[PDB]
Novice: 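Got a structure for you, questions after.
Throughout, a chain's letter reflects where its sequence line sits, starting with A, and its residues are numbered from 1.
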Amino acid sequence: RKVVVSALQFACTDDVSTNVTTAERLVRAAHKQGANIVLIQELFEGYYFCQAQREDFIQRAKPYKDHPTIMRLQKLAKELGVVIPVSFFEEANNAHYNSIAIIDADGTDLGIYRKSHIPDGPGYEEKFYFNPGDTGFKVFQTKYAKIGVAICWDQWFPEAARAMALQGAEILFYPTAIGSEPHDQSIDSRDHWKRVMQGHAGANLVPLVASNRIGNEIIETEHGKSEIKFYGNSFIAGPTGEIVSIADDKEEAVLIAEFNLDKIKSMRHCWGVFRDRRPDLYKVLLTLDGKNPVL
Amino acid sequence: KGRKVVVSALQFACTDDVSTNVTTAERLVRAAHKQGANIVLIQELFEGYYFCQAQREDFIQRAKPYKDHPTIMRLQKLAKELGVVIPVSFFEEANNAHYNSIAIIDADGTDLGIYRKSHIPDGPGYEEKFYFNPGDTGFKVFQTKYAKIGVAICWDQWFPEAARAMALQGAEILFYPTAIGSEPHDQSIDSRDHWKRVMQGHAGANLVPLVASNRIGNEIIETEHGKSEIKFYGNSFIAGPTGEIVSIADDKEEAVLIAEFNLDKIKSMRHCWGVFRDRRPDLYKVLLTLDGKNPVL
Amino acid sequence: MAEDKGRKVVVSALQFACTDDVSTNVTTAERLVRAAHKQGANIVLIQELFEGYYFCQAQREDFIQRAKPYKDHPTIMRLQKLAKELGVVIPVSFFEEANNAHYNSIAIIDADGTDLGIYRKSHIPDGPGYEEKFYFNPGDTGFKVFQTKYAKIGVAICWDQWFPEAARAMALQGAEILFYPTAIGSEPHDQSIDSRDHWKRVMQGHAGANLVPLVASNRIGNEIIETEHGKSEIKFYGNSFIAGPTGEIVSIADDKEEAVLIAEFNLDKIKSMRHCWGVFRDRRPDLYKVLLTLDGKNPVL
Amino acid sequence: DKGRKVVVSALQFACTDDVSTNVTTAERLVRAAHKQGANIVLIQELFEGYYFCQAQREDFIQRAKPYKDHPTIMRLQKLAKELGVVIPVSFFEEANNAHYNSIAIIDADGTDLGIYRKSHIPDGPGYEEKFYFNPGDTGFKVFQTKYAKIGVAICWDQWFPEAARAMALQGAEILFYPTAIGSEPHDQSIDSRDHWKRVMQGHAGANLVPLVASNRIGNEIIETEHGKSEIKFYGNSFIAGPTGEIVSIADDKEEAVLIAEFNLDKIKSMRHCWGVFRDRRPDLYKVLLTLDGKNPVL
Amino acid sequence: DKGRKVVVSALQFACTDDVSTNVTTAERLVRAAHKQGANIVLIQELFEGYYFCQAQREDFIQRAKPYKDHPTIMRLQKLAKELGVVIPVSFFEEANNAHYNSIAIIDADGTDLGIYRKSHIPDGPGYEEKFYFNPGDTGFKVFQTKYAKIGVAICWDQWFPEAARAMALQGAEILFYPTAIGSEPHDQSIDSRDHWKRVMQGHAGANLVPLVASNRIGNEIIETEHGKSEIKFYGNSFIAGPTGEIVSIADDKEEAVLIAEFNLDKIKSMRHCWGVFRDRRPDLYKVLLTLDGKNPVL
Amino acid sequence: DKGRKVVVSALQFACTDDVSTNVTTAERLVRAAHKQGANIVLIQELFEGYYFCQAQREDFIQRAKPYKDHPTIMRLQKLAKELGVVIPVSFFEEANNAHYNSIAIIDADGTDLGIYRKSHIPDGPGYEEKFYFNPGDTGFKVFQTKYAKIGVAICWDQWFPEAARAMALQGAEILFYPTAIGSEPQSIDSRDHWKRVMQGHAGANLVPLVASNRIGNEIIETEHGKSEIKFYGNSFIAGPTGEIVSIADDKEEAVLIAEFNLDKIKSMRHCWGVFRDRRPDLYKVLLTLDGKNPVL
Ligand SMILES: *C(O)(O)NCCCCN
Ligand SMILES: *C(O)(O)NCCCCN
Ligand SMILES: *C(O)(O)NCCCCN
Ligand SMILES: *C(O)(O)NCCCCN
Ligand SMILES: *C(O)(O)NCCCCN
């Protein structure tokens, strides 16, 4: 059993219809190169608006139900027979989430995951927009594979990757929007970013796909212009954490890698780390401060 | 710029003759409509006297089924004629169950369904617990032609949980038909300021406007222990999304209160303030207890 | 002076002996229904499986084939004519065949002759003399109420009368009077068993707890059935009765006479009393999930 | 006649409005029961004072006390232990801002086995309990005592076949109901005593378990917010057997100590053979989780 | 060839009227099966005593015992753990006032994995089980053991294609049915043994899963409420492969230990290839939720 | 010996790839069954030609014909009326965009009582039938004939206990299964597996069961060249305990005959008690494919 996976990497305008056209073009290119599952970067419908903390930007969110972009990519998924996770800004009554809908290769909406770990600070004021997610970590049975899909900042947390692996994830996927930080040009996070994820692939023995944005974006914030340069470096890592495919920090790209899932599942079983785990000794992971279990 | 809705609170006196009272309600709904109202709110159990001063066998038989209710049917025609949303408070019989209920009539005349009062008051003057099963619909929101609304009934208005329950389900405006006044056993009790402050609190905590329609007049009821009298204190009002009173009636005048709200701007304001973003349902399990320790079954 | 307002309904319990010939027993039933109507009855209740002997003392292959379809049943059709002629409601107990299922059933015939539908016995008894579990699928209609020309009524069958759940289910759905056609007597394996006082008390409790009148019609006479292991005899103990909404017996027959019991109820006064007593206002269904278990712990599927 | 035997007792007495006097009365009659061989002794509802629920008064709510270190429960634990008798203790419970009509079950070694909180709360003239008590949130309970597994509910609960069935399904071998019922002050023509008995006899017969009801006697005048209100409590404390037969009964004015012995092994065998529990149809009982016969409650 | 192999066994013996004797007989035959390589061993229905259901007797109901701390289950857990063998244990369960014909599945490490309660209850002369057992309320279950996911149901359940299909759908790799079937005391012309085998062979073949049936032998006479009643149990315990072929079978009168090995990975692959499960039409099977071919049950 | 008696027959023959010839063969064998007293006679599946269904050829699709005015059905109606026999007629149905593997039930007076459309269609490696047939949408049916209430299902339907139970719950007194099964002239021989599953249905439902299978070798040229199947016959009739009462071999024409007392069998079915004892409250999992999620 072999599945072909793709990371896409492109620049966005602040127009939904242009960006969706761009995603469609790169999804067809992926499909043309053999892709069964194609990963589109985080909040690709527009500019990464979380540089600002603005009332009007919250109203960019849309219900999960009858979402125009999801609906449009469901047609594309269906035509091509590819699996397409769709990053979007969800409104759910008065709650708001950074969410992702998993469309199967028959175009079926398989359900959503809501971003669990919400980043904060200059350039990435996501805590202002999003309730911390309440779906918990999830795995989706698609026509090709059980996949673990989480979102951007979730990729820094070994807990997220481990939870998806424990629930049957054969591949992990992280749509991303990370770049420079507007308050401090000396912060270059790209190597650190890659290393943490490489760690998750190696610790769980599962391949991993990260799709990140490129281009410079200037946002009109409540305190004036703020600029981020997104550094791309979209990549696909194998089950021991080796980078098999990688983009640069400036050019549009379509990454492709094939994995033998039944072989990798045998290596995983045979390595035996899941049977060697000591959940009896991991209670402290349910604390924040190293002592008090959360309610 | 944005969806506007004009809401109205009515305030009037009742006899114990249904036809008279429905006629009074119609006159005032028409008057609200003439002043631009899209949703009009009539006070609790308006079809007669506030009979719950007594605990009487014969008064339980004032209840009628929800199905083919002559007062709901009559007000459905008016709703349709005028293009206004009309919540209709009534005493519901449902086989051997009885409830203090409200049917939400949409602006096309459609009966959108019912809510059954959840929190039932008790004590001299207000012996509701004798008459009504505690409601079993739970808190509801209704999609009307003009807005998603949350409607609850009188005593429900004291409970922050009801208001929050409706808001979490997308209610854009909260409505509470009311019957509250003096208390026949103790003339020193004057609850009007307390009553208003608690509702203002709900409007401000959920960032939604709130409408409260209360009775006026003195009513004398024969009870098992002789006459009992309540002076209903009016003070019907409409509050905006920070809990500010935008319109209020006094304690004796018949009144038609009118207010317009921009539901898109308020939505935007509600979200921006951030309370719904910041709620901690993981820490709210104690709210599912009565005694602060034991969760109910 | 005017008498007190409200819908009055006159109900009747019949009590008679059966042969094992269908034509004879239907003739007996018609005779007693007519006598009940002559005494003012609006609703008349015939005992369980009146078409024949209480054959359930045996577990026999050939007795299963006494069952007949509900559709075009000759006894139901005949009693429909009588109901229409007299203007009386008549529930008709019969052994139902429904493809390969079999039930102990009752068809409710309205005062205009209309077949309102059926109830299938839910609780099926077992044991020497009363081997009903061999014959009947447990019923699958659930507890029902029927709107007749005179009243909304709840009808269940024999062993159902021991279950408070059945009486409450019918009352919660607006039953104004409860009816139980019965066949109960001695038990052939042990002559010390005399259940008649126990039997009455349980049903009196239903009437009192739901504040609705209750009618029980039971068989009389001795019947001997040829069983797979020899002859078996039951003496049916009569004691048909009508109870009011506090569980008081307003009329009762003895253990051997043929009887036509008659009582009038003001259903509007009773409804008022039922509601004022307050039990239905005070019920706690949030605490009753355990009733959906058999063993006090595990909810059934 | 082999089998585990248990002797139960219903007590019936008049109350003053002084706790000390009523607790002394209860102790006297518990000792009289024990002298007659009783293993489990049932004291009537809210026996610490007058039946105060004729009134709806602010100050009466403050008669409530916490379950923890309750002076009357602690005193009766001493007696339970001294005599080797099981004693359910009815009390008015405060639990932060909630209030309940409650009963603590004291085992024959003095151990406090836990509480049941009254589920069905009556209302109306003379019996304004809904003003005082949150509807109970323990659900129906059974308690394993030294002598038997028992089901204890409280007064108005005794009208509900659901409560009796719920306790029996959980293995209750005997049902107990402390009571306060009498005349009704707004209508002198109401005499509920025969109705009250018939409904409980029904529960005993339907579940094939014995049942004990202890009820108050005497006239009580309460100063209500609208003037004097009077109830004459009608006694009629009784013990019913597993077919609903009254085996012992008190009249409507006498102080009484009723006594009956039950063979719990034989009764268990009878209950099972009669077959009602074998034949129940919980798949058809979902309408019991409605109030109106149609909508399941949340 | 390659893949997870499992050795299963059907045991067949005659019962005495003494519980401990009968458990010792079971232990002896379990040990003999283990010696021949068995991983999962099936003991016949209600093996602790005579098949008492010929009678409808009050005292026989009290032969039931709770699942909790059941002395026969506890004893067989020790054997399971000692030998590393999976052992389903048939017993007569008391659960407050409910009673069931039940089976506890003991894993090869001695762990009590839970119980299944007999769903379909037979009736008629000689087999009056409806008098004793509530219809089961666990539903059909599959248990994950150290060696396989197994589906265990009980005697009469074996006539119902629905039970076997329910277990296969939930992952059962082997079906097991402890049995007590023989002659019928009211009609000596009834010989059901060929019919009995054919129906089970049909389940194995329709689901492509092996099937194990363990039945009693011996003549048993029971004192019924109407005199002596005799059943001659007919043995014919057997093991069927995934196309329904009988691979091992006992006769109608001797003790037997039957043994068969199955390659569960090859059978699984063969079942997936055959594709019947992906070809099923559940959208057309709603009539199966009726008894009468028309009205769905509640 | 009292009660309604019905004589049923299973026919078995080799198909040529010529329609007239095959219908002539069917008529000859129906007449022979009638001569031996048969009241209801079962002809094997798709008997008008070679079993084309696993060859995936677009030109074979035009063999389908509408249910309305079907020349083979209309001809067998005449035969049914002439002889006073019930004849289920297997045919390849064209229904607008859809195509089905279907069977029309002809009563003893020649009346067309209706159609059943094969429900279970094998898809995945080895079985490419979807190329020709849509999954049936009639659901499982019973038909009241002059002699009996009967249930009929087709070929692959044979493997599914649900179809047999569904028919019996609705009052079918006899089950009929026209089939076509064989193998590559391979090691696996499915004939015993097949019989055991069917004997299971008869025994579990306490109804007799009639199965008609073809014989002979058939060669079809396909996209992937010549495919050959040897059909293994073994048509049979089973009684209500699953006992085989007559059976054909794997190479000759056969006319199998058996008489059933439908009143006695009904009484036996009811007394055995399985239908009294069924637990539909516990069967919801059967409305899933994966053992957890109900289908729409
Ligand atoms: C996505 O937007 O969560 N990446 C967050 C990066 C935060 C860097 N300080
Ligand atoms: C409406 O009737 O619920 N108002 C109740 C007020 C109670 C005052 N103590
Ligand atoms: C009717 O037939 O159900 N009465 C059942 C009585 C059973 C007595 N043990
Ligand atoms: C106890 O106190 O609940 N008694 C209730 C009686 C109410 C009479 N209508
Ligand atoms: C086990 O006891 O279920 N076998 C029942 C057989 C009944 C025979 N008619």
Novice: Checking heavy atoms, do the side chain of C/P245, its backbone, both or neither come under 4.5 Å from chain D?
Specialist: backbone
Novice: What part of C/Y288 lies closer than 4.5 angstrom to a heavy atom of chain D: side chain, backbone, both or neither?
Specialist: both
Novice: Using the salt bridge (charged side-chain N to carboxylate O under 4.0 Å, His left out) criterion, which residues pair with C/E131? Sequence neighbours excluded.
Specialist: none
Novice: Compare every heavy atom of C/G296 with every heavy atom of D/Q170, then report the nearest pair and how far apart it is.
Specialist: CG-O, 3.8 Å
Novice: Take D/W159 and C/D282 through the side-chain contact (heavy atoms from CB on, under 4.5 Å) test and state the conclusion after the steps.
Specialist: CA-CA 10 Å; D/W159 293 86; C/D282 299 342; over 6 Å; no
Novice: Look at the side chain of D/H195 and the backbone N and O of C/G247, then say whether any donor-acceptor pair between them is shorter than 3.5 Å.
Specialist: no
Novice: Please output the residues of residues 196-204 of chain D in contact with chain C, using a heavy-atom cutoff of under 4.5 Å, in numerical order.
Specialist: D/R198, D/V199, D/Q201, D/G202
Novice: Would you mind telling me which of D/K130, D/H120, D/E162 has the largest number of heavy-atom pairs within less than 4.5 Å of chain C?
Specialist: D/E162
Novice: Please look at C/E187 and chain D and tell me whether the side chain, the backbone, both or neither of the residue comes under 4.5 angstrom of a heavy atom of that chain.
Specialist: side chain
Novice: Could you tell me the separation between the SG atom of C/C276 and the CD1 atom of D/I190, rounded to the nearest 0.5 Å?
Specialist: 6.5 Å
Novice: Between atom CG of C/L172 and atom OG1 of D/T290, what is the distance when rounded to the nearest 0.5 Å?
Specialist: 5.0 Å
Novice: Relative to chain D, which of C/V290, C/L292, C/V300 shows the most heavy atom pairs under 4.5 Å?
Specialist: C/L292
Novice: If you measure from CZ on D/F160 to CZ on C/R168, what distance do you get to the nearest 0.5 Å?
Specialist: 6.5 Å
Novice: Determine the minimum heavy-atom distance between C/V279 and D/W156, stating which atoms define it.
Specialist: CG1-CZ2, 3.9 Å
Novice: Counting heavy-atom pairs under 4.5 Å with chain D, which one of C/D126, C/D295, C/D197 comes out on top?
Specialist: C/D126
Novice: Within this structure, what is the CZ-CG distance for the pair C/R284 and D/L291, rounded to the nearest 0.5 Å?
Specialist: 10.0 Å
Novice: Which atom names give the shortest non-hydrogen contact between C/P285 and D/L288, and what distance separates them?
Specialist: CB-O, 3.6 Å
Novice: Check each atom of C/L301 against the heavy atoms of chain D and say whether the ones under 4.5 Å are side chain, backbone, both or neither.
Specialist: neither
Novice: Tell me, for D/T138 versus chain C, whether the close heavy atoms (under 4.5 Å) come from the side chain, the backbone, both or neither.
Specialist: neither
Novice: So, taking the atom named CG in D/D283 and the one named CG in C/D140, what distance separates them when rounded to the nearest 0.5 Å?
Specialist: 9.5 Å
Novice: Among C/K289, C/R283, C/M170, single out the residue with the greatest number of heavy-atom pairs under 4.5 Å to chain D.
Specialist: C/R283
Novice: Out of D/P135, D/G139, D/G275, D/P122, return the one with the most heavy atom pairs under 4.5 angstrom to chain C.
Specialist: D/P135
